[PDB]
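This report concerns only the one structure given below.
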Amino acid sequence: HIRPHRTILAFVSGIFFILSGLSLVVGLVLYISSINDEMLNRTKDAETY
Amino acid sequence: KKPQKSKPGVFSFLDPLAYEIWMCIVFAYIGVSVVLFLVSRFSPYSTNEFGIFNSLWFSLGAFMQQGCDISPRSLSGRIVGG
Amino acid sequence: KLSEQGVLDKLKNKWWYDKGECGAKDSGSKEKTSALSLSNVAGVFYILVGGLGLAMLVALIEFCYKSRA
Numbered sequence: 950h951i952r953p954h955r956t957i958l959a960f961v962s963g964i965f966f967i968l969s970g971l972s973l974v975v976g977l978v979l980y981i982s983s984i985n986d987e988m989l990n991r992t993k994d995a996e997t998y
Numbered sequence: 505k506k507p508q509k510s511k512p513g514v515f516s517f518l519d520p521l522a523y524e525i526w527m528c529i530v531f532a533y534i535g536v537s538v539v540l541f542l543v544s545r546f547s548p549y567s568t569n570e571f572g573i574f575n576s577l578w579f580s581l582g583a584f585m586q587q588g589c590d591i592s593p594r595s596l597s598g599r600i601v602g603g
Numbered sequence: 752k753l754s755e756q757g758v759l760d761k762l763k764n765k766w767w768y769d770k771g772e773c774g775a776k777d778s779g780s781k782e783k784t785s786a787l788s789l790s791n792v793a794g795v796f797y798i799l800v801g802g803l804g805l806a807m808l809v810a811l812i813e814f815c816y817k818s819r820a
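Heads up: the sequence lines are chains A, B and C, in that order.
Numbered as in the deposited numbering, the first sequence ends at 998 without a single skipped number.
So the second sequence is residues 505 to 549, 567 to 603, counted in the deposited numbering.
Numbered as in the deposited numbering, the third sequence ends at 820 without a single skipped number.
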C-alpha cells in the first residue's frame with residue numbers, strides 16, 4: 950500500500966492468508982477429535998454425569 | 505405408567521450427525537471454493570470462467586449430487602474437484 | 752452326600768451370583784445408539800486438506816513449465 954509499483958506484493962500476501970486459514974482448520978479438527986475420544990474411553994456409571 | 509407421546513424437535517433431522525460435523529462441513533465448503541478460485545485464476549490464467574461466484578456454485582452442486590453446468594479443464598482444477 | 756444333592760452348587764450360585772452387584776442381564780439390558788462423532792470421519796478431512804496442498808504444488812510447476820516454453 951505504501952508502494953503501488955512492483956505489483957507482486959498483494960498476490961504473495963494473499964497466499965499467506967489462505968495458508969493461515971487452512972492451518973487453522975486442521976488445528977480445530979485435531980483439537981475437537983482429541984477432546985471427543987477422551988470422553989469416550991471412560992467407564993459409564995448410573996450415578997455419575 | 506401410561507405411555508405418553510413426546511413431540512420431537514423441529515430440527516431432529518440433524519441428529520444422525522453431531523453438531524461438530526455440521527460446522528466442519530461449512531468450513532470445508534468455504535475452504536475448497538477459495539482454493540479452487542485461486543488455483544484456476546492464476547496470472548497467465567485460456568478463456569477461464571471460474572470466478573468466485575462460479576466456484577461457490579460448483580462446490581454447492583457437487584455436495585448435493587445434482588450436477589454442474591461447467592467442469593474444470595486444468596489439471597490442478599481437476600484435482601481439487603475430484 | 753451334599754455334592755450329589757446339588758447343595759454345594761446351590762450355595763455357590765447364591766453367594767457369587769445373587770449377591771452380585773451387576774448381573775448378566777443387568778449390563779445386557781442397557782442399549783443406546785449414538786450419533787457419529789468427528790473422530791470417526793476425521794480421516795476424510797485429512798485427505799481433503801492434503802488434496803488441497805498437492806493442487807497448489809502442481810500449479811507452481813506447471814507455470815514453471817509454461818515460462819520455459
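We treat Cβ as the ideally placed atom computed from N, Cα and C, and that holds for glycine.
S576 (chain B) sits close to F541 (chain B), with the two beta carbons spaced by under 7 angstroms.
Neighbourhood of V978 (chain A) in chain B, by CB distance below 9 angstroms: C528 and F531, in chain order.
DSSP places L753 (chain C) in the coil class of the three-state scheme, outside both helix and strand. Inter-residue distance for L805 (chain C) and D590 (chain B) is about 26 angstroms (C-alpha atoms, whole angstroms).
Its Cα nearest to that of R599 (chain B), the residue C:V809 stands out among C:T784, C:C773, C:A820 and C:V809. In this structure, the CA atom of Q586 (chain B) is about 35 angstroms from the CA atom of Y816 (chain C). Here the alpha carbons of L803 (chain C) and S788 (chain C) stand approximately 24 angstroms from one another.
In this structure, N569 (chain B) lies away from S580 (chain B), with their beta-carbon atoms at least 7 angstroms apart.
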